[PDB]
2 protein chains.
Amino acid sequence: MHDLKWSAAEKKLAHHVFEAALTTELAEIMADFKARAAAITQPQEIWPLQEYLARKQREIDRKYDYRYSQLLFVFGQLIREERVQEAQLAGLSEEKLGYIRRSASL
Amino acid sequence: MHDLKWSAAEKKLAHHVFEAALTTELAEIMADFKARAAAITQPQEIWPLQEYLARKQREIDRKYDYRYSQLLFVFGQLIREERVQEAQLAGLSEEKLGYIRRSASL
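Header annotation of the entry names X-ray crystallography as the structure determination method and lists the resolution as 1.8 Å.

1. What to know about the relation of the copies chain A and chain B
Once turned by 180° and shifted 0.0 Å along the axis, chain A lies on chain B with an RMSD of 0.0 Å. In symmetry terms, the pair is related by a two-fold rotation axis. Minimal C-alpha distance to the rotation axis in chain A is attained by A37 of chain A, lying at 3.3 Å. A share of 100% of interface residues in chain A that are also interface residues in chain B marks the association as one of identical surfaces.

2. Quick look at the interface of chain A and chain B
Often, the extent of an interface is quoted as the loss of accessible area upon association of its parts. Contacts between the two partners involve 17 residues from chain A, matched on the other side by 17 residues from chain B. Taking both partners together, chain A and chain B bury about 1,300 Å²; carbon and sulfur atoms supply 69% of that area. By the criterion of area lost to chain B, the three top residues of chain A are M30, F33 and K34 of chain A, representing 33% of everything that side buries. Seen at the junction of chain A and chain B, the total is 0 salt bridges. In this assembly, chain A and chain B are joined by 6 residue pairs in polar contact. Only α1 (8–39) and α2 (46–63) of chain A provide two or more residues apiece to the side of chain A that touches chain B. Counting residues per element, the side of chain A that touches chain B draws most heavily on α1 of chain A, which supplies 7 residues. Its residues assigned to classes, the side of chain A that touches chain B comprises 12 nonpolar, 4 polar and 1 charged.

How each quantity is defined
- Residues numbered from 1 in each chain as written, not as in the entry; some residues may be left out.
- Chains lettered and ligands numbered in written order.
- Heavy atoms only, no water.
- Residues with missing side-chain atoms left out of burial classes, pairs and counts.
- Least-squares fit on C-alpha atoms.
- Contact = heavy atoms within 4.5 Å.
- Buried area = accessible area lost by both parts, 1.4 Å probe.
- Salt bridge = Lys/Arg side-chain N within 4 Å of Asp/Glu carboxyl O.
- Polar contact = N/O pair within 3.5 Å; in protein donor to acceptor, adjacent residues only side chain to side chain.
- Helix = DSSP H or I, 4+ residues; strand = E, 2+ residues; numbered from the N terminus.
- Nonpolar A, V, L, I, M, F, W, Y, C, P; charged D, E, K, R; others polar.

Written as structure tokens, this is what we have:
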């Protein structure tokens, strides 16, 4: 809940970085899911798979919050996870980058 | 909601037939699930897979109702689906078999 003004260039650059990170992570999840599915030998084993999928959807939902008021926190958190690099967001304002860096400290 | 008395031999035979049918159907579902999972190419496609799994769990839950008051209906319904044959339940009472046959008519 950072109420700053975003330029068109800022929303464009943010969209590119958000998408790149989300795409990479979802690819990872899809590969893991498929692996787990293939490894199933007994019907009851579908249960733990559903537990995984639920946890992953919730995780993604919370982490990839595409609301501008939240994007500085999101980016910081992705930088902390090493899914985004600060260089990718250099076009954003210095104010924004400061907030992102602080968010990468939580 | 058929309130009849069941002998030990009757519950034993019923258990054998119930298990045989459930085992076959769950094997089918597991194979289909695995096929669908393997065929997924995009993350969003996990959604329709979850819709399938939910429908299948509900279906099984309702159909394989292991309560003695309901087993004559269950068996009749499985006979109608061709997952059980009446010969498998010949050891049950004639009264029970009559109820099963009527249930196979719905």
